[PDB]
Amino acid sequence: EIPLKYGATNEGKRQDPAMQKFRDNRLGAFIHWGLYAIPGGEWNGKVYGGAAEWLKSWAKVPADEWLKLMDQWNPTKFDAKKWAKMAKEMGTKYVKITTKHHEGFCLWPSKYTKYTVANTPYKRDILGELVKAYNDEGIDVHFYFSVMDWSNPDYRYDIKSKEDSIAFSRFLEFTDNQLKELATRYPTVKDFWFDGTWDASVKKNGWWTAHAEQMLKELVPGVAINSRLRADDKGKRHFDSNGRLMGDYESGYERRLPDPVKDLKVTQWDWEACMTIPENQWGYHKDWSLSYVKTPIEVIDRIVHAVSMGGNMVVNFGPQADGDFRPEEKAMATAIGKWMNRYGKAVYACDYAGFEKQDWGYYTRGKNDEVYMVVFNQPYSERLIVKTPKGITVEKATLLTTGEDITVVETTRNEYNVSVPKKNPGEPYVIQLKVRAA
């Protein structure tokens, strides 16, 4: 036991209604929208293959020159009602929005910097319009926020001097001011998801990370705060020096997921994964031929995978400079939405089922002990193997869409074959099991 002032304080999962809502939501969208949408991965005739939102770094653009992109910020097709409708039709229950990425441009009219939507031709408070539009559709809003800020020259990557320590304190005060502004201007915010907290400077200032968490919780009753924010007294991130989770949920799975057989430890805490559609583009990149682009089924598979292991999934979108979405993202959202409309009872408010993993897909568990079999890989044998835990029996199987009864045959002591449906559903599909415990 290492004594710590800025280590974990939550033991186990929060169970207040606000955390239950965060969890039950299950499926979210991410919006990465910032000045990077304008060049879209390309600078002075060179298309950089790295993540578009990091182009300032790939092309070594000075801050002042990068931020001049504000003079081109005029997303005339932006319509916050349409964005919220796209999200609603996709079946997302929440949206995480980049309020400020590393570049330092604010999507709200901050009074603490001039690098904001207010000082662009478009002028309008994008963040505020989205908050209202999403909330009107019954969709929760979470705020992404980059502590690392390339526009503020008081930022430091490490503290090598008295002068660095003083500048960095001032940077942290600046940061607090913007955070307070976000929390008070948009009081329906449900979560703050921090990024840009990996540098030695932040790791040396764990206390500030604890403070930011407490400060926002005081301002916003029930707000969630991601693990990525947090560093303890020693500079240990996400989990403290005693191995305890800091913040309200674990937030490292990014472009990867826990192993359904080997990583069952994740079921012990809330957690949230985020993913990109291409391999590694968050902001709008104009050229998606450069890497593998996931299909809707691949995305759905990840969504179900996360829920099957007690986690949320958040699918990223990188809106165009003009304020519309690219055709690939419209198609994706529509395809996810159609699936979720049919099969979402197995996703929303579901969780880990406690069954041994089978090859046909995933199990999820509903609030009233429903066990859903979500089938992604159809056996030529036409039999879906179900091995139940000790004391559990399967009493019925039903095809979710139609209510048709599905034959269940006991094959051994703890195992059944659940038949595939008489007609191949032609897409990943759900069989709902009624189970009984001794």
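One rule holds for the numbers: they count along the sequence shown, beginning at 1. So that the term is clear: the rigid core is the largest set of C-alpha atoms that superpose within 1.5 Å between two forms.
Segment of greater CA departure in 7 other deposited structures of this protein, 53-61 or 407-415, core superposed: After superposing on the rigid core, the more displaced stretch in 7 other deposited structures of this protein is 407-415.
Do the Cα atoms of 248-256 or those of 133-141 sit farther, on average, from the shown form in 7 other deposited structures of this protein after fitting on the core? After superposing on the rigid core, the more displaced stretch in 7 other deposited structures of this protein is 248-256.
Mean Cα B factor from the PDB record: higher for 156-164, or higher for 307-315? Of 307-315 and 156-164, the stretch with the higher C-alpha B-factor average is 156-164.
If you take the mean CA temperature factor per stretch, which one wins between 274-282 and 363-371? Going by the record's values, the stretch with the higher mean is 363-371.
Which of these, 109, 296, 104, 243, has its C-alpha atom at the highest B-factor, as the entry lists it? Highest CA B-factor of the listed options: 243.
Which one, 191, 233, 195, 140, has the peak C-alpha temperature factor per the PDB entry? Each of 191, 233, 195, 140 was compared by C-alpha B-factor; the highest is 233.
Split the chain's modelled residues into thirds by Cα B-factor; is residue 129 in the lowest, middle or highest one? Its C-alpha B-factor belongs to the lowest third of this chain's values.
Select lowest, middle or highest to describe the third in which the CA B-factor of residue 32 falls within its chain in this entry. For residue 32, whose C-alpha B-factor we compare with every modelled residue in the chain, the answer is the lowest third.
Residue 389 - Cα temperature factor, lowest/middle/highest third of chain: According to the entry, residue 389 has a C-alpha B-factor in the chain's highest third.
Would you check the entry's CA temperature factor for residue 322 and let me know if it's in the chain's lowest, middle or highest third? Ranked within chain, residue 322 CA B lands in the middle tercile.
Ranking the modelled residues of this chain by C-alpha B-factor as given in the entry, is residue 115 in the lowest, middle or highest third? Within its chain, residue 115 is a middle-third residue by C-alpha B-factor, going by the deposited values.
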